[PDB]
Number of protein chains: 4
Amino acid sequence: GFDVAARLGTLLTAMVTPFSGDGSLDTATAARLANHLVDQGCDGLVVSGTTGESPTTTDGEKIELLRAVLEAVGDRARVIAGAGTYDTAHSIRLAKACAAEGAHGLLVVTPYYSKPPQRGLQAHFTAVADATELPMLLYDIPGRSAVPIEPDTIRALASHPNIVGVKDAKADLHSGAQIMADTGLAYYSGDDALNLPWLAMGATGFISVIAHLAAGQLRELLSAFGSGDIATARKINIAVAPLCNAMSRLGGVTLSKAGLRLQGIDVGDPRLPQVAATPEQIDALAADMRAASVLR
Amino acid sequence: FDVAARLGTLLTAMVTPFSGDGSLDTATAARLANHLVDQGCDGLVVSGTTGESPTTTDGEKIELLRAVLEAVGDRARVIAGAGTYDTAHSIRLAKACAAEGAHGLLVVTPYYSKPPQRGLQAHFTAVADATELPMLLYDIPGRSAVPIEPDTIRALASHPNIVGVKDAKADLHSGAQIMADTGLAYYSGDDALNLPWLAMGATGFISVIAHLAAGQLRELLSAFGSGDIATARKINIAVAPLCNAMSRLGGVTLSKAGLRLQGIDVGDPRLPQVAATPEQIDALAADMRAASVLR
Amino acid sequence: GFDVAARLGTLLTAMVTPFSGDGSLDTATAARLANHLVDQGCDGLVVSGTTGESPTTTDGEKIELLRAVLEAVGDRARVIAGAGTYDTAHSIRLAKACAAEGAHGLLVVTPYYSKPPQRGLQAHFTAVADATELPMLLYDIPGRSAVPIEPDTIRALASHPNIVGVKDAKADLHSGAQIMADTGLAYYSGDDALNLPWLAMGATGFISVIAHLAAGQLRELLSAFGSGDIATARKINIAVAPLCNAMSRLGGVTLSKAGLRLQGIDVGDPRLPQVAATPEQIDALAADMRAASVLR
Amino acid sequence: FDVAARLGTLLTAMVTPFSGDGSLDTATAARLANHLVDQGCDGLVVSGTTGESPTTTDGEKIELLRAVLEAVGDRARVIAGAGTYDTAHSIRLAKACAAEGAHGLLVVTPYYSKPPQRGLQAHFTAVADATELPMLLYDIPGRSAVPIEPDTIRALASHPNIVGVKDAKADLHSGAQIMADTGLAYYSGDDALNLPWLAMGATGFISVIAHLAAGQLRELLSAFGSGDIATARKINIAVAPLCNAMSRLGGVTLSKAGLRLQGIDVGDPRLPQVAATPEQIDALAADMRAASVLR
Ligand SMILES: [Cl-]
Ligand SMILES: [Cl-]
Ligand SMILES: [Cl-]
Ligand SMILES: [Cl-]
Ligand SMILES: [Mg+2]
Ligand SMILES: [Mg+2]
Ligand SMILES: [Mg+2]
Ligand SMILES: [Mg+2]
């Protein structure tokens, strides 16, 4: 019908934006990363989201990235472009620009920082949803944006034809479960810590940060859960848990770029105010990656 | 030690029925305990928070425990709530429960006074040391104002009597790892997270909504454990309105009002807990009809 | 007609309950401490509050301590008895028993742990207020009790003739300022960190933990503020800040008992689940005490 | 460096007026700036959060700054908001503000992206290095999702250009000590805490309700400064309803609706911010009457 799993994917990486030594956009590496992540078992990628350092890249860079990633993997994976900011006008421009590039879908985070009221969020999300014909995910992350999309807002927004699901970092699994049951909105785990809980509650899949490093295992986790092998699912979730722990220490940006580098896929360093892992951080990260069998 | 056999898989955090005058009603407690077991609970927690442990005396708790043991103790596991924010008292209580023949203990993190982790460890250890009963830690920082930090849980794990955790902290990721590392059994201590906890390998539920929907929770546990997650998810959705009602009322007000709606009068809460208002009963009745446990 | 400052005091210690070596109630030491604290500048004391280890003492012990304290200082200081638990009927017995002993007022904390609704709190505080003729203070401390006394509940309760004030640890200075203006409820700073901001907002004084160690400076701080010398008040508040920092590390019970010992006033150790300071914690506290000029 | 003289004692976190079509309205900005200075503000912050920094372009912010400098720069201190969650952008914006002749910078903690403390420090250092302007840190974790931790503020205090903090974090105890240790100036960034901040030695207010009640906030600062705390307390009570309306509406909706109610139309917010509904206007009007800033 709208087949969210087919149209958006089941395992997506909230993909980093590789930068060169010169700190500029590195689209060739983005292509290589995108290919690698899909080969490792991702069937979708979110480009220019939070972990893609959307705050510090320009509109132009976001479009160049999306173009490169679509060229690299667009015929065999779903490419979802991060398109929202705390500026409704800007989000609509970016959304239209992403659609014009051929993005397969949009991920639109709750306007952050400015704490609009729920009716402002709701007018914001529908305006963005009205801007293109692309399927759109809400990204509910009050821990970064400083306001939740309240359940009544999510429910009101669900009736928008273009708004098809929720990337959740709010962790209200009880509320999201009901929302799903009532509205048919698809949910993606937006927090690797809750990947397995979310699947139990009927999430469609993951939009994952630790997928940068452990996509193969996450794919296996999805396959095991999917075939009702919960014991295995649980065991894989435990196996990757050190990466999620490392993520708590470093955040996704620092972790993803340092961890990829450790795996021999240099994707450069974060842009200020984000920072590259320190020596000791790289150390501790390497031990977790070893523990999760994603580094020798 | 078989946690599922010894403690159960579906337990109600059972109310303590009071008479019209406010006094302990053990006859109704027996009748309730029988009902809850017949509906599908294989264990009960008596004199926990939902059992209004704050407002009942030691004597009342013991009276109730004996009544419930006598009623269902041959056919279900009866775990007694035994800790407060007072180690000496908790010890006394745990001992009094063991002397009555309680099958296990549920020991909440000391509330209010916010001891440091080493105080918590010394406290749980002292309680664990006081009887030979299996003991669950009850981690509910939202009530107690301090968590049992994962290191503290792990240190406690190696106490022979400390066999698991009733979790209301919702740190599913951390609980999962603790389980994997220590073999501590986890019980969902918050109905909202029943299904997520099962996914993470919880042993079962120590439930409030079980007062009203034990049969469905049992079906949820069986569907889940048989490998039928889609049916488990459906059942979870079916009972959600009860968890919603619980967010509005709290477990004590909900459980007493809902049982009354079901025709099992268990009296009213003791101050500072309060009986549902007429409006609340009506809204509660709507959720209960929605959950197919009334009318 | 009720003069809160005269009836309840301006500088109170949330006084520890001294225990002997065997853990038993030490009333002779309580009497010595009560005298010391009054001599140092407190004009009132709260007995059997949280810092007095109300969770771990019996009713009998509370009554015995109250008597010892009234006897020691009740002729020249106000003696306020902690009477609230999460059990209304118990709080009533306690309140009555304290009234019968001659307590000058009651401090009644929000029922903890069980999270009654606001109407439950209202019925609870009312029932306790109805139990005796004593003036009564609400102790709003959601950080321990797990529920606030909401402003509407406080306002409702202000309408009781026996409820005369609030010991605040909620830090809603804006709300408390308005409550005071609207209701004439007196406020006492219940968290030493906010003593000075609370005075700015019209608090009557402090019900203090660090007063165990620094009553004289707190007295000076009240006097400086009262005479409008805010610069001096701010200076003193800075001088005693290390004690407030130590309190963050140790909690009040541990800090008060270890600190008094350091000062040559041994008041024994806390009862489990509270714990005595470790030698390291004692060293760190001594450094803070010296900085605050309340230890050689 | 005289912070009071160089940055002011009473500043409004000023709205950015938009025309009917949503476009920047610099004439009304100039109008508004003159009005606020005349009412008692001795500085203004332009293109802060209340100034809708999220929804205005760089060009608009510069145009507005230029107009506000022309309007009141000779008689008031005009502080330009210059921080975002992008360090290179913040640097551009700071430079651009300095080139316009801004008297100082207000730089908010990078929001949303939750950089670590060392990222914050490198960020605020890079922005502080970018111009010769005095700079205020704006610590508001309730919006930015990370605090500037005390150690970070203390490390930053040593930067010659970093001269103070606009606080919305409400850690009065910590700011008090930071002030004592570093000489950093503090401004109350949350009207609720204006009076408590003065007690702790804040230099003044960077205020939202100053849009409506600058004159009373001025009377407050003066009463406090001369040692008449009783009067300061009374004034703070008198304007409290404005702070309460702010809790209902947020500063942007409140400021633009309230100014309109006063007869200074500054248009409507840009999405995702929203204009007050009719009921909200009524309820706001009632508070403004209570605060004697509306007939
Ligand atoms: Cl939700
Ligand atoms: Cl944990
Ligand atoms: Cl309040
Ligand atoms: Cl701070
Ligand atoms: Mg839809
Ligand atoms: Mg064990
Ligand atoms: Mg009164
Ligand atoms: Mg400096």
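Structure above, values below:
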| read-out | value |
| --- | --- |
| Region B:22-31, residues that are under 16 Å from B:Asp268 (Cα atoms) and in contact with a helix residue (DSSP H, G or I) (Cβ under 7 Å, 6 or more places away or on another chain) | B:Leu24, B:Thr26, B:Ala29 |
| Complete set of residues in region D:91-150 that are over 17 Å from A:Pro273 (Cβ atoms) and in contact with a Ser or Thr (Cβ under 9 Å, 6 or more places away or on another chain) | D:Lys95, D:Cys97, D:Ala98, D:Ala99, D:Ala102, D:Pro150 |
| Identity of the residue in region B:210-233, without any contact (Cβ under 8 Å) to a residue 40 or more places away in the chain and either hydrophobic (A, V, I, L, M, F, W, C) or outside any helix (DSSP H, G or I) (or both), that ends up surrounded by the fewest Cβ atoms within 10 Å (Cβ to Cβ) | B:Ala230 |
| Filtered residues of region D:263-282 (kept if assigned to a helix (DSSP H, G or I) and touching a helix residue (DSSP H, G or I) at 6+ places or on another chain (Cβ under 7 Å)) | D:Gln280, D:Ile281 |
| Region A:177-209 - residue that is more than 12 Å from chain B (Cβ to nearest Cβ) and under 12 Å from A:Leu12 (Cα atoms) and, of those, farthest from ligand 2 (Cβ to nearest atom) | A:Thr204 |
| Scan of region A:229-248 for residues that are under 18 Å from B:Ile229 (Cβ atoms) and in a helix (DSSP H, G or I), ordered by number | A:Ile230, A:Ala231, A:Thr232, A:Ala233, A:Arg234, A:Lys235, A:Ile236, A:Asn237 |
| Single condition A:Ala127 does not satisfy, out of (1) within 16 Å of ligand 5 (Cβ to nearest atom); (2) within 14 Å of chain B (Cβ to nearest Cβ); (3) assigned to a helix (DSSP H, G or I); (4) touching a helix residue (DSSP H, G or I) at 6+ places or on another chain (Cβ under 8 Å) | (2) |
| Filtered residues of region A:130-163 (kept if of a type in the set (A, V, I, L, M) and within 14 Å of chain D (Cβ to nearest Cβ)) | A:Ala131, A:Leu138, A:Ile141, A:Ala146, A:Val147, A:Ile149, A:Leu157 |
| Selection status of D:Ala170, in contact with a helix residue (DSSP H, G or I) (Cβ under 7 Å, 6 or more places away or on another chain), within 16 Å of ligand 3 (Cβ to nearest atom) and not charged (D, E, K, R) | yes |
| Selection status of B:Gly164, under 18 Å from B:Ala4 (Cβ atoms), within 11 Å of chain A (Cβ to nearest Cβ) and either surrounded by fewer than 23 Cβ atoms within 10 Å (Cβ to Cβ) or more than 16 Å from ligand 3 (Cβ to nearest atom) (or both) | no |
| Filtered residue count, region B:141-190, keeping only those that are under 26 Å from A:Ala292 (Cβ atoms) and either among the small types (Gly, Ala, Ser) or within 16 Å of ligand 7 (Cβ to nearest atom) (or both) | 10 |
| Residue within region B:115-126 that is touching a helix residue (DSSP H, G or I) at 6+ places or on another chain (Cβ under 6 Å) and more than 16 Å from ligand 2 (Cβ to nearest atom) present | yes |
| Strands (runs of 3 or more DSSP E) within region D:123-209 that include 1 or more residues touching a residue at least 24 places away in the same chain (Cβ under 8 Å) and more than 21 Å from D:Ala232 (Cα to Cα) | D:135-139, D:162-167 |
| Tabulated pairs, region B:87-115, first closer than 23 Å to B:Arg6 by Cα, second outside any helix (DSSP H, G or I) and charged (D, E, K, R), C-beta under 8 angstrom, 6+ apart or interchain | B:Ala98/B:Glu132; B:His103/B:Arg77; B:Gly104/B:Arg77; B:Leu106/B:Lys166; B:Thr109/B:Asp139 |
| Verdict on B:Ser113 being at the interface with chain C (Cβ under 7 Å from one of its Cβ atoms) and polar (S, T, N, Q) | yes |
| Conditions (1) over 17 Å from D:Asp191 (Cα atoms); (2) buried (at least 17 other Cβ atoms within 10 Å of the Cβ); (3) small (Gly, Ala, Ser): number failed by D:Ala245 | (1) |
| Among (1) more than 16 Å from ligand 7 (Cβ to nearest atom); (2) of a type outside the set (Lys, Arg); (3) within 12 Å of chain D (Cβ to nearest Cβ); (4) surrounded by 22 or more Cβ atoms within 10 Å (Cβ to Cβ) - the single one C:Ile238 does not satisfy | (4) |
| Qualifying positions in region C:102-124 - outside any loop (DSSP other than H, G, I, E, B) and touching a strand residue (DSSP E or B) at 6+ places or on another chain (Cβ under 7 Å) | C:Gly105, C:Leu106, C:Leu107, C:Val108, C:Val109 |
| Residue list for region A:250-284, restricted to those being under 17 Å from D:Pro115 (Cβ atoms) and in contact with a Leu (Cβ under 8 Å, 6 or more places away or on another chain) | A:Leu250, A:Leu255, A:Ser256, A:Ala258, A:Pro273, A:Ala277, A:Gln281 |
| Tally, over region C:170-221, of residues that are more than 26 Å from D:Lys169 (Cβ to Cβ), assigned to a loop (DSSP other than H, G, I, E, B) and either within 16 Å of ligand 5 (Cβ to nearest atom) or more than 14 Å from the chain's Cα centre (by Cα) (or both) | 2 |
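Computed from the coordinates by the stated procedures, all read-outs in this text should not be read as laboratory data. Every residue, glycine as well, gets a Cβ built from its backbone with ideal geometry; the counts of neighbours run over all protein chains shown.
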